[PDB]
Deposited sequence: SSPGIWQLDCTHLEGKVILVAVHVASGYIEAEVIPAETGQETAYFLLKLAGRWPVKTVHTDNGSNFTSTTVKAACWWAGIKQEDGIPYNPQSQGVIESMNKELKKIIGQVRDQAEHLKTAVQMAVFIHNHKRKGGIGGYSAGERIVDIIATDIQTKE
């Protein structure tokens, strides 16, 4: 699954945090937006796809799945837009745990940052660099993709 991502939208401080998770590694990208709209989601996906080789995005909700603006960005960037239905139920729990983790890190840094957007990027950094078990998510994503490029 080198190219499979899942969108996730969580809320803090009356603001919206939009997250893209690379499912196979746990690596994330995130941004703060005032509200989840098709236009914001579309722009976020265009940024993501310019940075990583995004084949498929599991959308976070039916509004973003339906959105013509999101569909246009997915067309532009060559992304297969999919639903995010948890046919495997462990998905909903894993995303929930990651949201809890991110909010925990935001709290741990929140006071080093005036603006939530700074705290969120600090949380992204800490999440992606954290060693588990021990590789980080940042190491895993690069390994997965590099192996894909060489295999094919």
Deposited residues without C-alpha coordinates, grouped into stretches that follow sequence order:
1, 135-137, 157
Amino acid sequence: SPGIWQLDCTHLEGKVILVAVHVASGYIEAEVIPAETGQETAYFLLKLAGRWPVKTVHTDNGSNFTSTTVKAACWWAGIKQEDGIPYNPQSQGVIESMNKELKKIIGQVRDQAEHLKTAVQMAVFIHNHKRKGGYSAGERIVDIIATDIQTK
From here on, numbers count along this sequence of modelled residues.
Of 91-99 and 116-124, the one with larger mean CA B-factor:
91-99
Mean CA B-factor: is it higher for 82-90 or for 37-45?
82-90
Highest-ranked of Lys132, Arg140, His22, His129 once sorted by CA temperature factor in the record
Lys132
CA B-factor placement of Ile149, once the chain's modelled residues are sorted into thirds
highest
Ranking the modelled residues of this chain by C-alpha B-factor as given in the entry, is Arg110 in the lowest, middle or highest third?
highest
On the chain's distribution of Cα B-factors, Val16 falls within the third called middle
